[PDB]
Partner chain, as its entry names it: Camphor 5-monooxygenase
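One chain comes next, on its own, written out as structure tokens in the form deposited without the partner chain.
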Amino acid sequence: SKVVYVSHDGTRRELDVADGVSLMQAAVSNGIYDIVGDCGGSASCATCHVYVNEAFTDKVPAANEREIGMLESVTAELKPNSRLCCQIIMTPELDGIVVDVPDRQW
């Protein structure tokens, strides 16, 4: 399924992501290193921060307790559509989802 990661400078990086793969996994395995994923994907670091496009936020399961807590530590500006992408698992229903990657993660 289609996923587009927009870098801070506007560059679009499009990937075909399989079901069950997190957006953090797809990003780091494809060189989209503006997403770090330091903790390994267990919502414990906040370095996979992305801004989910407004037309897709309600299609993604809401943040769990752990993610809400970690989001309090994002380094880039927290926005209403901020999510830790290791928490977004790809499904056909999310086909075409666009996420904007902030300029910093650490």
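Positions refer to the first chain, counted from 1.
What comes next is about the form solved in complex with the partner chain, which is not displayed.
- Taken together, the three residues 1, 56 and 98 lack any non-hydrogen atom within 4.5 angstroms of the partner chain in the entry with it bound.
- For residue 39, a non-hydrogen atom is located within 4.5 Å of the partner chain in the entry with it bound, even though that partner is not displayed.
- Although the partner is absent here, residue 28 is a contact residue: one of its heavy atoms lies within 4.5 angstroms of the partner chain in the entry with it bound.
- Not displayed here, the partner chain is kept clear of residue 81 by more than 4.5 Å at the level of heavy atoms in the entry with it bound.
- Though the partner is left out of this view, residue 70 does reach within 4.5 Å of the partner chain in the entry with it bound, counting heavy atoms only.
- With contact defined as any non-hydrogen atom lying within 4.5 angstroms of the partner chain in the entry with it bound, 66 is the only contacting residue in 51-68.
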